[PDB]
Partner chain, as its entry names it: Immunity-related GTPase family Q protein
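Before any questions on how it binds or moves, here is one chain, the form deposited without its partner chain, in structure tokens.
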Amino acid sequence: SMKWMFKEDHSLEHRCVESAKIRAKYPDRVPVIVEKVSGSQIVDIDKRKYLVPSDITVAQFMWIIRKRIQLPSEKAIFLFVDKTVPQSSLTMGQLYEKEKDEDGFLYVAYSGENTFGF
């Protein structure tokens, strides 16, 4: 189970306000929080917060993260949104609706292994 440092760093209200602010200013983009699955071997990521157009796919977003942590192409990465790996043909906008947190953000976990959940 993920202990999100973004959630320990900011209160529920804080997160609710800021996500609503960013969604009002940029309604065609979805706010994303990215943290590494605890105990996974993969390198930690330098950038945690992401504002991405709802027109891009999950496969495209994964490339962004892969490139961010400079993961070799021959190494796997798996995204988790609430213990389940999301469909790569899905758009971040479609994905936002189904998996958005109570606070208005989309939380994405990543790992080098899919032993984490479903």
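Numbering follows the first chain given and starts at 1. Shifts are known only where both forms have a C-alpha. We call the rigid core the largest set of C-alpha positions that still match within 1.5 Å between the two forms.
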(Q) Mean Cα B factor from the PDB record: higher for 87-95, or higher for 59-67? (A) 87-95
Q: Check where residue 31 lands among this chain's C-alpha B-factors and tell me if it's the lowest, middle or highest third.
A: lowest
Q | Lowest, middle or highest third - CA B-factor, residue 37 | A | highest
Q: Please place residue 103 in the lowest, middle or highest third of its chain by C-alpha B factor as given in the entry.
A: lowest
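One more form of this protein, solved in complex with its partner chain, exists but is not displayed; see below.
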Q. Does its partner chain come within 4.5 Å of any heavy atom of residue 51 in the entry with it bound?
A. yes
Q.
My question is simply whether residue 36 lines the interface with its partner chain in the entry with it bound - judged by any non-hydrogen atom within 4.5 Å.
A. no
Q. Applying a 4.5 Å heavy atom distance criterion, does residue 43 contact its partner chain in the entry with it bound?
A. no
Q: Although its partner chain is absent from this view, report whether residue 18 comes within 4.5 Å of it in the entry with it bound, heavy atoms only.
A: yes
**Q.** Regions shifting between the shown form and the other one, defined as 3+ consecutive residues whose CA atoms all move 2 Å or more relative to the core
**A.** 113-118
